[PDB]
4 protein chains.
Amino acid sequence: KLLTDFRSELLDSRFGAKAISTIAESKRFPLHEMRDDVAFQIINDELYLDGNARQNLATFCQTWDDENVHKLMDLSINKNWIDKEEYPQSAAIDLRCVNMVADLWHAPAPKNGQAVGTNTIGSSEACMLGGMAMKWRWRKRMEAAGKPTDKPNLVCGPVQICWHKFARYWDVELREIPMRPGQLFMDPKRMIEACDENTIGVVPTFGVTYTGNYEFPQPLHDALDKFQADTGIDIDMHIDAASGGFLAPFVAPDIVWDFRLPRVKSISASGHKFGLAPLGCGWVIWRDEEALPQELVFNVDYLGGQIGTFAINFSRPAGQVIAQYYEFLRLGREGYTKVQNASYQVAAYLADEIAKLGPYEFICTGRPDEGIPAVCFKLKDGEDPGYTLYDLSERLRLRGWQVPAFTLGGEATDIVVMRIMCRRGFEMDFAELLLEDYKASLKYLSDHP
Amino acid sequence: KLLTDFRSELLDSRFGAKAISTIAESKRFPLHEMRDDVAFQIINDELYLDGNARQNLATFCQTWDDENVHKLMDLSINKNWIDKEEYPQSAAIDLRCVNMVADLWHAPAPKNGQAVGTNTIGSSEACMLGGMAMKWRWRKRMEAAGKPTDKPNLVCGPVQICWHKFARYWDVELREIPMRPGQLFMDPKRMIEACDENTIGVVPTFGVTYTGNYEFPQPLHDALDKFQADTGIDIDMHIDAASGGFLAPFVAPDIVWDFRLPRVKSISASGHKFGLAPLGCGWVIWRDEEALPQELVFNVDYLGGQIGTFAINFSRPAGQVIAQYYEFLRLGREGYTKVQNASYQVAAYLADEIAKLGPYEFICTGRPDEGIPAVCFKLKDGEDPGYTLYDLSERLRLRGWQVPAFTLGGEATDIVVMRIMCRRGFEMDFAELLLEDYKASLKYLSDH
Amino acid sequence: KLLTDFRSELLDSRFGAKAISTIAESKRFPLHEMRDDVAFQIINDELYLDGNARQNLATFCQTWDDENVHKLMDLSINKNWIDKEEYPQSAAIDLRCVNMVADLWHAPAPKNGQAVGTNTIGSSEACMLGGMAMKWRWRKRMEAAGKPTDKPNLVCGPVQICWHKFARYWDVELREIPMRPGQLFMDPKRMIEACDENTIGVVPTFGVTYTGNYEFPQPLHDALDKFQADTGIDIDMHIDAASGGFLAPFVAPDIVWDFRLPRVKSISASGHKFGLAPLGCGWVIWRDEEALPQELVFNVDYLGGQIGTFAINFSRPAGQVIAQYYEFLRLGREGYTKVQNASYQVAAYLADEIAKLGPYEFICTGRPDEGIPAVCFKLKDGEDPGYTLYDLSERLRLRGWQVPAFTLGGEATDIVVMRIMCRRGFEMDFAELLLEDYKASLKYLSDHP
Amino acid sequence: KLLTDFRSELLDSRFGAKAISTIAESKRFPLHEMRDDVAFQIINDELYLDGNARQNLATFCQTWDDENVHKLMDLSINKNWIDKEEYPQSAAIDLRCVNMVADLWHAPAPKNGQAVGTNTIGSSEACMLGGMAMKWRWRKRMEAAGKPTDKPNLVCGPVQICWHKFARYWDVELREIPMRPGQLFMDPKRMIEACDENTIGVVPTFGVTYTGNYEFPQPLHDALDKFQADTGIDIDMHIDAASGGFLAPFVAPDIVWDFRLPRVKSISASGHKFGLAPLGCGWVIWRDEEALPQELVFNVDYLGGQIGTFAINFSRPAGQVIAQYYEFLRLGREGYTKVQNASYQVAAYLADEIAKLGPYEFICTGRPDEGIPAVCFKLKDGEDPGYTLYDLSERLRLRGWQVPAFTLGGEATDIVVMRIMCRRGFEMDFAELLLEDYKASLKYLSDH
Ligand SMILES: *Cc1c(COP(=O)(O)O)cnc(C)c1O
Ligand SMILES: *Cc1c(COP(=O)(O)O)cnc(C)c1O
Ligand SMILES: *Cc1c(COP(=O)(O)O)cnc(C)c1O
Ligand SMILES: *Cc1c(COP(=O)(O)O)cnc(C)c1O
Ligand SMILES: O=C(O)CCCC(=O)O
Ligand SMILES: O=C(O)CCCC(=O)O
Ligand SMILES: O=C(O)CCCC(=O)O
Ligand SMILES: O=C(O)CCCC(=O)O
């Protein structure tokens, strides 16, 4: 029988083959090789249950990339970002990106022509690096003054989860100012009340994930200036600009949020959100050499010279930084402006149209001077139109859309909001389709209450 | 006037276009859009200066991937690993890989059908997760007996730099036993001298980068058993198996290095090394739930339920894990054995042939019971054949090969070695071409 | 065991397969078939040792072709250039190319609307054809005068090797005017001194390979006019325009080098150098029907008529002539001008920048009125900066560049030059990279003398 | 005004664009650039008028190539065959092909491990190299005995035109023994009558184009042996094996035609015929170093060493040799035999079936011991079935087939034959369709 078994293995179509007759292994390392077309097909087919990323309106990350980015990423699948000597031109492109991001954020013109900063996998790694640099600068300052350094704290607003991870992993007490009704962000008064000489720094979120709105660093900065005048305590900022960092420079250049403020010692952002890079690209820039403690830096060989690295990851692909550079050259300020405008235009259209459909109060309407291209809203207080925003999120899912409804944190856990993200590749015509599905979902719900 | 400029912008070939007449911007964010084919061309051409990855014999990482992996990675370009609810089947495939890797390393069969471990970007993140968990278990041990926890140290041999970064970033004193002539590894005697009540753990390197040889955990394990009997101090191990974790299980199954040893609480390896995954894949497995302190774990929603995450990175692509899972199913144990065997057959051929060409002493000759598929050698003490291994490396570079020569560390900084890595995609016929260039280089050097 | 051997042959990945475990056959015809993916992979991988053609700066031939040329060549892989009846439209396209090249070189407007000339594989074949036509025209002239025809000679400057091959294969004495310091080309005085009644013709090289400079035919032509007035000996020219033939018409149309000169009876050029065709395309044009002896022509069938062929090769692909025609239509004079300008611009930039780095004397600086887009230079006489140009060529190779250093011939064998060719696909940004590597190579050499 | 013209140039579909409204330039170098997609489209469409190469049954050359060959040729588009130092591994692969072809033809095992021979663009260049070498060896023979060298001749049968070009271009008198009814080849008796002390060599055609039959060198060889005994004149042979050199070694190994015969000093063949290479590949091999006069050889630098070149062409692509080498490794002797066998099985089927349809006399029926896989036939003497083979050829053309009818040369210019070539890619099912059209054509002709 084994002779014809081989014949069938050779000649059978992939759906007729004996190999595709079993459920895929999920518990132990498999013993045998299998026909490669069958292994590929089974996995391809499972991934349909992820759903359609273009209809995922919960994520802030890129769900479309141009044809040149597909090619560049494929060309770069084996290029190792950390091996600066072995892939020297990829390393040179990375360093150009550092200069360009620093220039966008108005970093002081660097002495030797190279800005201080690095690429990362994402804002998470970039925030941990900014956070370690803060803890170290604070330690040195406390040692100069003969104070103990065993109780650091960090003051912040409604941050993304990575900051809670930072605090846990590096033994820093987190002082989060809670959201409450009427102020869903860190205000200067509440911030100052949480500051003391053990505060390693303050972290405004320039593009809050929950609501889509900017926390503005300028009023916070004014308070810290007054704090130093009144107490002598000198506190710095790190801006978590995961979203806002590739938005405001293009569509709202007069907001003063970046290195134009002297206490901003570092800024981080996700290239793979509004920076237009594919997943796996983040940036952190320091204001100058003094803002990055040298004891955190590890030197590696690079072309008869040496380059300073600051990284948690080691080997990883260089495609994403190469793709980021392509977007910088191909679009420039002009192109980024047009692409971001298109997102804000779609958000404004949706905020405008959804307003006429129900009893809603908007927290974010996609104004460029207020936040990111997002639409965020709640049911108006003490109305019951016969559905919750959860019921509406569920109806929209029947058509493949992921549109999240969730409660806020802090003292706002009573409040349920729905948030729609407007990214590149969510064009007006495609938005109109979501809107048709929103109208049809409401029709259904008003008929089955 | 500007109309003839627009006409040319539309019609010019990309090498004749005005946009390709300038040097690419390097200092400031560019102001204007440019023709996409021109932007692509300039960058594509710059990247030729990286050289040829297939001829890079310095790296341990994958420099070839099969056609299915190219397809899967392109299909997964925008699938987010951290968003378990948004990409639920990518998440499920990830959990299968954790089970399979735990099985490979003889993790005790899991209670609830799911091994304790996680995917990472690479061994570096995986080692920091393993390190933090070691430091936390030690803190708890010390607190149960009323003792101070302010002076943690970690004992190790000739580790990769990520362990130096771990020590610096988490304020742990590193006790690195230095390499010395005649012992280029952590021996049990020196390991014990460095251990005390403040030792959070011992990290053997199951595949040392500098030499390619295994540090064998078993004799170290016997020593820590006597240490506990003698002193009452109970020390765990984490195995840094960045290369070895996907070699020995297939080609040297009788080496006892993994969870079969009681003191081994966690193990890490690089999928994108000998795991055959593309760049951006690592693993760490814990022996059971008790080995991972729950205060390090952050729970997320997953399909009505909740799953525990332990990660430093947040958003990052899921293609590498999907690729890994494809290699597991497509190759299985049988195919992994055949692929690694081809690498060892190539290392053994080169060790053999290079030995005829000069006065060389081999530190690693590509034997599977002793290490990874690498060739590592020095010039014999005493002899001077008229060249150093640096001159040899430079001659080989003229033909595009990257073959590193470097000094060893610690107390062996007088020893210069050359190391050749034999990876997937460095087949016998291709290695013969390297050997012909080695022969040509020596001839040239003897004539000068 | 043979049963599982087959299983493995079926199922094994290409790098795990038993077939890829041996060194490739190099001595005898192999006996067995092998899996086709393994045969392809082994050969693909060997070819990496060729290096990167885009970084080969020694060659004058095309190392990049546009996407339409890749498609047209693939479509034409089986189309046979010599089979005029069997591939009749490919044959018609070839004939159009002849008219267009003749028109570019100012050939007299042809009587019946078809110029006299042919496509070849390259300038080598085209030069042998021009050379045979010269030998035959001379024989006839010598017979009319009752002189013997057993000692033909050919007068020339610093020619490419094909002319030495011509002389050896057709029993013609080669009278090469040697290069000497101060005149690296054939001058009118030395040329006339080598001319006699046995001279079948004179061959100026319009784009000398060694230096990159034009030998100008006009001053030579004036001398031959005077020679005929003084002695009655009437000598013709063939221009070897391998390079210059697709440069000067676009960027220096006022140089009189072509059929505007009455003694120019034929001209050859390589399409696959500056003609922008892929390797395998050359052209030779005769001034009129009388310049091509009929006894050298073989007629073949073509559409109820007959076409005259003159060719050494027989079967060969027609893709290259098809690609040449596409470039003619797609670029025209306008497009060729822009592409050649881009090469001259890169050469000027490199001549300018290299000048500041060392004690150099330039022989070619990429001026369009003087020669081709090449940079050619030597160490200044009696300086020793502690390296030779050989040492510099070697350092540049570490980064994958092929930049040749070599001695000149004739009485200039003391002189070592370095030559950089600037072709299509060697854009300014890419040139800047070579320049960085040149600066870094000099740093190294001044530190290890 | 001109702004609406630019807008249209950007937006128009390629068949709606203004640029495609004119007839392509044919007389003068064009003045302006045009949209690249339009330039491509016009030319692509013109090339439909070539007809379908797969249906061209007149040619001996490859009209199909496998996917790997398409890839290799595209990858080699810019690799220069003549630049041995600049493309050194392309050069090395070329030298392997020379060894393998010499081995196939039973060349005496080479002294220094490298056969004497070269790749060429085709048999035509290869025959001129072989011819020049014959003329030079003869010159030297004559000079050693004080004799004049001004009247060389060459003796041959029904050769392809390249031999006529060789004679004209190198001033050699051609002594072509003409075909005649009952003997359509050079027989030993007429060959000897044409030989004298001025004969540079004899060129048998191992695969005659006009008929498809082999001229067998062995009986000619026996005759030249008697000639030397009788007269003392020593004459060499060059075999023009343009088709036969890649057939007989695989399917008729017992035919003695190659270097097994002492007088055979050189052999040429077309790779791009039955060698399975794409257009642009030929070979010529010499029996040893002595057979190739060194004054014809031009040396070039190759990796510290130097190699001898003999070539008329200079720059030309290296893809065809790389492709050839791929077919050698991928097929070997086993696969070449299976491919050629399929061609002979198709010729034998057609000879068989066409014989039932009319009053025909076969000159070639696709037997491997007699010739190449071709069908060649005439109308039987006497009979007139109401059509000529020209009418038949024209009816077949209505369905896209190119099947030539033509008169034979020499003293047989009264004989009209039809010839069908059975190449790779003319499979049994496709040949059945040709036979159905042949049947339909005859029916039509009988009704008119
Ligand atoms: C996304 C985000 C992060 C996390 O960054 P990744 O790019 O996902 O690593 C941190 N903070 C904010 C405000 C974010 O939006
Ligand atoms: C490669 C390696 C590392 C680093 O892992 P990455 O996968 O590069 O992050 C750590 N330790 C050892 C022994 C290694 O070989
Ligand atoms: C290139 C060249 C040749 C040879 O032509 P191919 O195109 O290489 O056959 C002859 N003469 C000169 C001046 C050349 O530049
Ligand atoms: C085809 C052929 C030739 C010509 O060879 P090409 O490969 O077309 O140059 C010469 N002689 C014979 C017998 C042929 O068949
Ligand atoms: O943008 C992401 O993918 C992660 C954060 C927001 C979310 O998806 O819920
Ligand atoms: O494997 C790698 O790529 C990183 C470390 C080893 C090296 O390249 O030297
Ligand atoms: O252009 C070529 O390829 C041949 C001549 C110049 C050279 O390469 O050396
Ligand atoms: O094989 C060829 O293509 C050329 C000669 C034979 C013919 O086509 O008639």
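Residues 4-451, in that order, are what chain B shows, numbered as in Swiss-Prot.
Header lists the method as X-ray crystallography, 2.0 Å.
Quick reminder: no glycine exception, Cβ is built from N, Cα and C everywhere.
Taken residue by residue with DSSP, B:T62 (substrate binding site) is part of neither helix nor strand, so it is coil. Within 10 Å of the C-beta of B:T62 (substrate binding site) we count 20 further C-beta atoms, all protein chains included. According to Swiss-Prot, the feature substrate binding site maps to B:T62, B:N83.
Shown in sequence order, B:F63, B:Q163, B:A245, B:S246 are the residues of the chain, 6+ apart in sequence, with a C-beta less than 8 angstroms from the C-beta of B:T212 (pyridoxal 5'-phosphate binding site). The pyridoxal 5'-phosphate binding site annotation in Swiss-Prot covers B:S126, B:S127, B:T212, B:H275 and is backed by similarity to another entry.
Around the Cβ of B:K276 (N6-(pyridoxal phosphate)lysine), 29 further Cβ atoms fall within 10 Å across all displayed protein chains. Among the features that Swiss-Prot reports, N6-(pyridoxal phosphate)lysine is placed at B:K276.
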Exercise. Check each residue in the chain of B:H275 (pyridoxal 5'-phosphate binding site) that is at least six apart in sequence and keep those whose C-beta is under 8 Å from its C-beta; list them in sequence order.
Key: B:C64, B:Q65, B:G125, B:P281, B:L282, B:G283, B:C284, B:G285, B:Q323
Quiz item: How many angstrom lie between the most widely spaced Cα atoms of the pyridoxal 5'-phosphate binders B:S126, B:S127, B:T212, B:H275?
Solution: 15
Quiz item: Counting other Cβ atoms within 10 Å of each Cβ, which of the binding-site residues B:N83, B:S126 scores lowest?
Solution: B:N83
Quiz item: Among B:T62, B:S127, B:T212, B:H275, B:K276, which recorded positions lie by ligand 5, judged by Cβ under 6 Å to any atom?
Solution: none
Quiz item: B:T62, B:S126, B:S127, B:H275, B:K276: which of these recorded positions put a Cβ within less than 6 Å of any ligand 6 atom?
Solution: B:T62
Quiz item: Cα of B:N83 (substrate binding site) to Cα of B:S127 (pyridoxal 5'-phosphate binding site): how many Å, rounded?
Solution: 20
Exercise. Work out how many Å separate B:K276 (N6-(pyridoxal phosphate)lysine) and B:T62 (substrate binding site) at their Cα atoms, rounded off.
Key: 9
Self-check item: Nonlocal residues around B:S127 (pyridoxal 5'-phosphate binding site), in sequence order (Cβ under 8 Å, 6 or more apart)
Solution: B:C165, B:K168, B:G285
Exercise. Measure from each Cβ of the binding-site residues B:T62, B:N83, B:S126, B:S127, B:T212, B:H275 to the Cβ atoms of chain A, and list in sequence order the residues where some distance is under 8 Å, or 'none'.
Key: B:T62, B:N83, B:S126, B:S127, B:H275
Quiz item: Quick one: what's DSSP say for B:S127 (pyridoxal 5'-phosphate binding site), helix, strand or coil?
Solution: helix
Practice problem: Would you kindly give the Cα-Cα distance separating B:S126 (pyridoxal 5'-phosphate binding site) and B:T62 (substrate binding site), rounded to the nearest Å? | Solution: 15
